[PDB]
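Just below is one structure, and these are the notes that go with it.
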Amino acid sequence: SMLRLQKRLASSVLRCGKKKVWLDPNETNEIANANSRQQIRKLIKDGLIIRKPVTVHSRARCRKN
Amino acid sequence: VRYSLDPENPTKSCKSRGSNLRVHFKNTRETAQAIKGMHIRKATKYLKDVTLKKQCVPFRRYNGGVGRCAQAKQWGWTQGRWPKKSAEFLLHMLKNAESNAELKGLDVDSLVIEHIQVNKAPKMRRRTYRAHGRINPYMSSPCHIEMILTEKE
Amino acid sequence: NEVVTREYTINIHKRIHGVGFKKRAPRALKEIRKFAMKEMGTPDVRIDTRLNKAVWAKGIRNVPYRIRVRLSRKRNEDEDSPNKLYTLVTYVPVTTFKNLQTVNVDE
Amino acid sequence: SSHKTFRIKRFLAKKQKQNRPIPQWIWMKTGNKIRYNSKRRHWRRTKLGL
RNA sequence: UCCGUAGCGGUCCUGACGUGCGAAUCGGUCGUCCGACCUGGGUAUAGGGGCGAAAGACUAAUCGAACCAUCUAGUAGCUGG
RNA sequence: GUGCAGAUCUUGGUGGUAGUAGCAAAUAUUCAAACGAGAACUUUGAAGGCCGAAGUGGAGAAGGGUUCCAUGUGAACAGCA
Ligand SMILES: [Mg+2]
Ligand SMILES: [Mg+2]
Ligand SMILES: [Mg+2]
Ligand SMILES: [Mg+2]
Ligand SMILES: [Mg+2]
Ligand SMILES: [Mg+2]
Ligand SMILES: [Mg+2]
Ligand SMILES: [Mg+2]
Ligand SMILES: [Mg+2]
Ligand SMILES: [Mg+2]
Ligand SMILES: [Mg+2]
Ligand SMILES: [Mg+2]
Ligand SMILES: [Mg+2]
Ligand SMILES: [Mg+2]
Ligand SMILES: [Mg+2]
Ligand SMILES: [Mg+2]
Ligand SMILES: [Mg+2]
Ligand SMILES: [Mg+2]
Ligand SMILES: [Mg+2]
Ligand SMILES: [Mg+2]
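Chains as they are written, first to last, in PDB author numbering: chain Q2, 2 to 66; chain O2, 2 to 154; chain c2, 18 to 124; chain k2, 2 to 51.
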């Protein structure tokens, strides 16, 4: 449907960007009726919103150099 | 509503009408001239083929800069196009005429499109921006479409 | 007879030759979908996300030359369409494209 | 700007309140000629002076 | 003081564009870049006046005398009806 | 205040051009699913990319004045949708 609001509030709750927020694609309709920060912290606890890890920028090559 | 042409047999004839339809008038006129002599099943099949680019609309009067295709040689013409929006609008209107015929109890498979015409609707106004601070019209050219079916066996 | 799956290999290097750098991987997707429509007579062709990964694995300008593709013609599900059967198009990982015929796999 | 004065903010308040459409029941009246609100203002088009 | 970035500017292609992104822009190439440097805000100077490292330049896309209203329906041995 | 064919006449409306010029500055999109009458353009996930700390990032001043936020609509606008 439209999850523009949920990703914004999840980014604000997790203190990361919208780049790292993972919404569950299978459980779209259960996230689609969250519309609040308190109910989005619950879905973060339940695992329907996951903070993705940082993209790897390895330092090992120029350490080797 | 005062129609332009009266049917020769109003018991066995049904009507359909549409006003202020946001379609190009020239494309609508050329495809209505293509539809004008057809039976309703052939017209529905050919309008589906126009949107699928299997058969074309020959552009006979408003043909300035219209390219040439191979499919126009079935019409004895060289320039043809495939107006998709214009084919869908008078397919919706042809379905409306089908529903009006079923209301009057006319036979479905004997309907031949006896009358069809396209008139110019009032033009509606937008504005485009040109060089050296000049602003030019961006006028739309909508159409009124009118058709009458007749049982012709 | 109507529900059948089998494995082909597709030479993207001859299906690609001539098109510019920014359109090679989308043209490879369109050529795979066109090959599926020609080989299984269904206009409804659905390409797997893993196959999209396999075509776009390097980038947009260096598409892999050959690719191993399993076609599975299947009966259509609910919301009965004008299409009656569809074709699921699946990546098959393989090491060498040497002496691989058209293999008729079975369920 | 965000550094408004009281008189400017009050003028903006009035010009905000005049920017609503007409109520639906006024053109059921007997001596009525109004079709819509012709004194309307959009923030992008008309820049209100100031 | 020299090369050179940000900034400031605008040589050449008399390139692009030229019913344009644009009533003066864009690309490459260029001048300068610690000082007569660049810049915001405040303030002063008003039309035969201002201000000018001086081109009759600038003075709200208007400058060898800005813009608005009035005298004004100014006059025309001239043009068109 | 009495007769129009003209005054690059005034105002309003409409043609041919013409479905034509054009919708070409800044590397780039692809697959699947959801909502829906309708999906190249909405949303989600997986990719492949770009801006690459003098940023296409995060905050302010001037200016704007509700453009901020939530829900609904797809009549008109957002030069395709
Ligand atoms: Mg002609
Ligand atoms: Mg021509
Ligand atoms: Mg323009
Ligand atoms: Mg301008
Ligand atoms: Mg503006
Ligand atoms: Mg020096
Ligand atoms: Mg120097
Ligand atoms: Mg030049
Ligand atoms: Mg030109
Ligand atoms: Mg442009
Ligand atoms: Mg003095
Ligand atoms: Mg000077
Ligand atoms: Mg001189
Ligand atoms: Mg004389
Ligand atoms: Mg009189
Ligand atoms: Mg006259
Ligand atoms: Mg064209
Ligand atoms: Mg910010
Ligand atoms: Mg910013
Ligand atoms: Mg539009």
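Ideal Cβ placement from N, Cα and C applies to all residues, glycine included.
Cα-Cα, which of the options is closest to residue i?
{"i": "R42 (chain k2)", "options": "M29 (chain k2), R21 (chain k2) and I35 (chain k2)", "result": "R21 (chain k2)"}
{"i": "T29 (chain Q2)", "options": "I51 (chain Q2), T56 (chain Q2), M3 (chain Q2) and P54 (chain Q2)", "result": "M3 (chain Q2)"}
{"i": "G19 (chain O2)", "options": "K153 (chain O2), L95 (chain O2) and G77 (chain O2)", "result": "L95 (chain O2)"}
{"i": "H30 (chain c2)", "options": "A45 (chain c2), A74 (chain c2) and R23 (chain c2)", "result": "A45 (chain c2)"}
{"i": "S5 (chain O2)", "options": "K153 (chain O2), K27 (chain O2), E147 (chain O2) and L53 (chain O2)", "result": "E147 (chain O2)"}
{"i": "residue 158 (chain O2)", "options": "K37 (chain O2), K86 (chain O2) and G68 (chain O2)", "result": "No information on residue 158 (chain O2) is available, as it lies outside the stretch 2 to 154 that chain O2 covers here."}
{"i": "residue 156 (chain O2)", "options": "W76 (chain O2), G81 (chain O2) and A71 (chain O2)", "result": "Residue 156 (chain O2) cannot be examined here, being either before or after the span of chain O2 that is shown, 2 to 154."}
{"i": "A122 (chain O2)", "options": "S142 (chain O2), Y130 (chain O2), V109 (chain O2) and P138 (chain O2)", "result": "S142 (chain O2)"}
{"i": "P43 (chain c2)", "options": "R23 (chain c2), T113 (chain c2) and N79 (chain c2)", "result": "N79 (chain c2)"}
{"i": "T29 (chain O2)", "options": "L92 (chain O2), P11 (chain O2), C15 (chain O2) and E9 (chain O2)", "result": "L92 (chain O2)"}
{"i": "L49 (chain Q2)", "options": "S37 (chain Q2), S12 (chain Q2) and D25 (chain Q2)", "result": "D25 (chain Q2)"}
{"i": "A33 (chain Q2)", "options": "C63 (chain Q2), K53 (chain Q2), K19 (chain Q2) and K8 (chain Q2)", "result": "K8 (chain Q2)"}
{"i": "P24 (chain k2)", "options": "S2 (chain k2), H4 (chain k2), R36 (chain k2) and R45 (chain k2)", "result": "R36 (chain k2)"}
{"i": "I36 (chain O2)", "options": "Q118 (chain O2), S100 (chain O2) and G68 (chain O2)", "result": "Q118 (chain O2)"}
Determine the direct distance from the alpha carbon of residue j to that of residue i, and round the result to whole angstroms.
{"i": "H34 (chain c2)", "j": "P81 (chain c2)", "result": "12 Å"}
{"i": "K49 (chain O2)", "j": "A88 (chain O2)", "result": "8 Å"}
{"i": "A61 (chain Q2)", "j": "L13 (chain k2)", "result": "60 Å"}
{"i": "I136 (chain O2)", "j": "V58 (chain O2)", "result": "35 Å"}
{"i": "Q40 (chain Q2)", "j": "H58 (chain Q2)", "result": "34 Å"}
{"i": "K40 (chain k2)", "j": "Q17 (chain k2)", "result": "12 Å"}
{"i": "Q75 (chain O2)", "j": "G66 (chain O2)", "result": "20 Å"}
{"i": "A71 (chain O2)", "j": "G77 (chain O2)", "result": "11 Å"}
{"i": "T59 (chain c2)", "j": "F52 (chain c2)", "result": "11 Å"}
{"i": "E31 (chain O2)", "j": "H25 (chain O2)", "result": "10 Å"}
First and last residue of the alpha helix (DSSP H) that includes residue i?
{"i": "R42 (chain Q2)", "result": "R38 to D47"}
{"i": "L107 (chain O2)", "result": "First-last for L107 (chain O2): undefined, no H or E at that position."}
Look up residue i in the DSSP assignment and say whether it is helix, strand or coil.
{"i": "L46 (chain c2)", "result": "helix"}
{"i": "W78 (chain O2)", "result": "coil"}
{"i": "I23 (chain k2)", "result": "coil"}
{"i": "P99 (chain c2)", "result": "coil"}
{"i": "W28 (chain k2)", "result": "helix"}
{"i": "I136 (chain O2)", "result": "strand"}
{"i": "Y25 (chain c2)", "result": "strand"}
{"i": "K121 (chain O2)", "result": "strand"}
{"i": "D65 (chain c2)", "result": "coil"}
Hey, could you find the ends of the beta strand (DSSP E) residue i is sitting in?
{"i": "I32 (chain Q2)", "result": "Note, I32 (chain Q2): premise wrong, no beta strand (DSSP E); alpha helix (DSSP H) at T29 to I32."}
{"i": "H34 (chain c2)", "result": "Looking at the DSSP string, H34 (chain c2) is not in any beta strand (DSSP E), and its letter there is neither H nor E."}
{"i": "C15 (chain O2)", "result": "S14 to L22"}
{"i": "residue 160 (chain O2)", "result": "This structure cannot speak to residue 160 (chain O2), because chain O2 is shown only from 2 to 154."}
{"i": "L88 (chain c2)", "result": "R83 to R92"}
{"i": "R128 (chain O2)", "result": "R128 to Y130"}
{"i": "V55 (chain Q2)", "result": "No beta strand (DSSP E) holds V55 (chain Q2); DSSP gives it neither H nor E."}
{"i": "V22 (chain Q2)", "result": "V22 to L24"}
Can you say whether residue i is buried or exposed, counting buried as having 16 or more other CB atoms within 10 angstroms of its CB?
{"i": "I114 (chain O2)", "result": "buried"}
{"i": "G134 (chain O2)", "result": "exposed"}
{"i": "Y103 (chain c2)", "result": "buried"}
{"i": "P99 (chain c2)", "result": "exposed"}
{"i": "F38 (chain c2)", "result": "exposed"}
{"i": "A33 (chain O2)", "result": "buried"}
{"i": "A73 (chain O2)", "result": "buried"}
{"i": "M57 (chain c2)", "result": "buried"}
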